[PDB]
Amino acid sequence: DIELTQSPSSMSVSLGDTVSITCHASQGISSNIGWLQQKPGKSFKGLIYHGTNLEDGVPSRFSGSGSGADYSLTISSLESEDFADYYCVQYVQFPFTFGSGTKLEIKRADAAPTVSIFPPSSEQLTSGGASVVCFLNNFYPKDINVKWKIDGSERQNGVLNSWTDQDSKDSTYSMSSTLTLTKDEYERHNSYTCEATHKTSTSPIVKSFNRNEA
Amino acid sequence: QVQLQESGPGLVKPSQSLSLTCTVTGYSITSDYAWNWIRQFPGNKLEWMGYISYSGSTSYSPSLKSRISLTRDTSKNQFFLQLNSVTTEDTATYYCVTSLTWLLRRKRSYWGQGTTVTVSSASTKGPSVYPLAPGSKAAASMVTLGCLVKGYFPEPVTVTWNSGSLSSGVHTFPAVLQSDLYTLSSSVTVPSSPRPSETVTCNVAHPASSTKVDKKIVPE
Ligand SMILES: Cc1cc2c(cc1C(=O)CCC(=O)O)[C@@H](C(C)C)[C@H](C)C2(C)C
């Protein structure tokens, strides 16, 4: 298979900036490469073909370059629409291969996360399960570490994490870490703490409750 | 105008076959160019499966050659995909897409919207909805309430906060697998004066099971 490697894998940039994405093929592909754009959620749009040619409808600010095994996509003066995912693809040899993609994220100022920890509801405990939820909302940048400690001891298993895409209003990211236990193990411990690690604070953000509180 | 639209059931049982249809309008699949099938795995990874040319010839990816089958119906102008003996790894979003077309000035490629096809053996199993009220600490001028939807299958689920009048400060996180059943949560941040005097009801709906659960977030 022809190994097309892209870099960077993502990038925080502002409206009006010029960005360059590159794809390197594990061999000479003779300008047989196309660049694709995948928007939120969505579907795909072909940007350029045969290394340098734009497709019908593609705004002039898109440009491709490259020879042999090195190709590049350039987006002069980014616009709001331009913030998406870009992929390169080699079509010179079966099986047509794609690059790992590059995500264009809109940069904004740092923002600390709002942390919230929730005890398992009575309704759930009746069943015999006990999920402890922690929300880390509206933070920046995306890099955040979340530790779940039970009575002062870190817990790895049962931790289910989930992130949202970059919100279109504030441009922040939110995280949800849920710690699923059984009612048996839940009732054998008292301290449950959701601990976050972010550069916006020199000391970890710590939210906790006690199984004995209301 | 050329348009490609995919069709076919979105749920397949392991060991059986996945079959999709791509209806082409605005051009004849016998005239020119290759009509492809590609999939995007959860993780954004893309894989090219194969194609059927205008002459009836097919080219499949080597690693799929024994399980894949690309076929057409010229009179109805649609081509299909059939993946045999699917396993959970085949869970992906499928796209039918064309090679480079030349109708306008510069070439252009056409894509479909893509359909997600999940491979599991789980019966549709409705969600368990739990209200996440604050636990008895600070608070401040803003409250964050939650709604836990767990152990449901298949995807998706619709979560709204009333009935839909509550739009701001709402975060519905994507679903993750947990022993073959899905689990998601949503949070809403309202000023501390509103709740609980101004009720916050979480509305969870699961289409696949004709279920509509309304769980009010009341203070502990
Ligand atoms: C068969 C073919 C398939 C496709 C591509 C090009 C060809 C081509 O072979 C080049 C077109 C031509 O030969 O004129 C890419 C388009 C975006 C350009 C797609 C990734 C893919 C896989 C769907």
Side-chain angles (χ1 to χ4, degrees), chain A residues 1-6 21 23 25 28-39 42-58 62-66 71-73 84-102, chain B residues 2-6 20 22 24 27 29-41 44-65 68 70 72 79-81 83 92-115:
Chain A
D1 293 17
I2 296 199
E3 192 183 17
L4 289 255
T5 281
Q6 301 202 228
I21 309 173
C23 259
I29 54 179
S30 302
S31 232
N32 287 295
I33 184 164
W35 287 90
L36 313 61
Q37 174 186 223
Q38 178 182 226
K39 284 180 296 179
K42 226 77 58 173
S43 204
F44 286 86
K45 214 277 139 66
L47 296 179
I48 79 89
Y49 66 95
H50 192 66
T52 57
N53 308 294
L54 275 70
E55 284 189 19
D56 197 275
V58 183
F62 285 83
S63 315
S65 51
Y71 302 85
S72 206
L73 171 64
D85 258 281
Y86 298 84
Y87 304 94
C88 75
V89 57
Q90 155 273 310
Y91 56 91
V92 66
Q93 171 179 118
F94 296 161
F96 302 158
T97 50
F98 297 79
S100 64
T102 304
Chain B
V2 180
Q3 289 155 275
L4 275 67
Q5 63 184 339
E6 297 97 346
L20 277 342
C22 183
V24 178
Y27 194 85
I29 70 182
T30 52
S31 298
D32 208 342
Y33 352 105
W35 311 78
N36 310 263
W37 273 115
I38 83 159
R39 33 131 79 133
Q40 192 179 218
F41 290 122
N44 293 228
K45 182 170 288 183
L46 291 153
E47 175 186 20
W48 175 77
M49 305 176 81
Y51 74 51
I52 182 160
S53 66
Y54 61 95
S55 66
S57 274
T58 63
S59 309
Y60 310 131
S61 171
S63 49
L64 281 20
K65 233 161 195 164
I68 198 170
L70 246 152
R72 76 216 300 221
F79 67 108
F80 329 97
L81 167 78
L83 198 58
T93 297
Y94 292 72
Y95 298 89
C96 56
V97 38
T98 76
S99 65
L100 281 304
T101 229
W102 204 350
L103 290 162
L104 299 171
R105 175 81 101 113
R106 275 158 263 121
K107 291 184 178 180
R108 221 210 98 110
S109 64
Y110 294 104
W111 295 74
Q113 76 291 346
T115 8

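Naming convention: chains lettered A, B, ... in sequence-line order (proteins, then strands); numbering from 1 in each chain. Whatever order the structure lists them in is the order used to number ligands and atoms, beginning at 1. Because only heavy atoms are used, hydrogens play no part in the values below, and waters and symmetry mates are left out as well, while side chains stay in.
Neither side chain, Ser100(A) nor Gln6(A), offers a donor N or O lying under 3.5 Å from an acceptor on the other.
Residue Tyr91(A) qualifies as enclosed at atom OH: its count of foreign heavy atoms under 6.0 Å is above 12.
Protein residues with a heavy atom under 4.0 Å from ligand 1 are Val89(A), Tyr91(A), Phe96(A), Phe98(A), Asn36(B), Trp48(B), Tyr51(B), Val97(B), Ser99(B), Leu100(B), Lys107(B).
Remark: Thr5(A) pairs with no residue by the side-chain hydrogen bond (donor to acceptor under 3.5 Å, both in side chains) rule, at least two apart or across chains.
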Under the side-chain contact (heavy atoms from CB on, under 4.5 Å) rule, what do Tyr33(B) and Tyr27(B) come out as? Steps first, then yes or no, please. CA-CA 11 Å; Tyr33(B) 352 105; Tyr27(B) 194 85; 3.2 Å; yes

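Paired with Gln113(B) under the rule side chain to side chain donor-acceptor pair (under 3.5 Å), one option of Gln5(B), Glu6(B), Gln3(B) passes, and it is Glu6(B).
Within the 4.5 Å cutoff, the side chain of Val89(A) has no heavy atoms near those of the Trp48(B) side chain.
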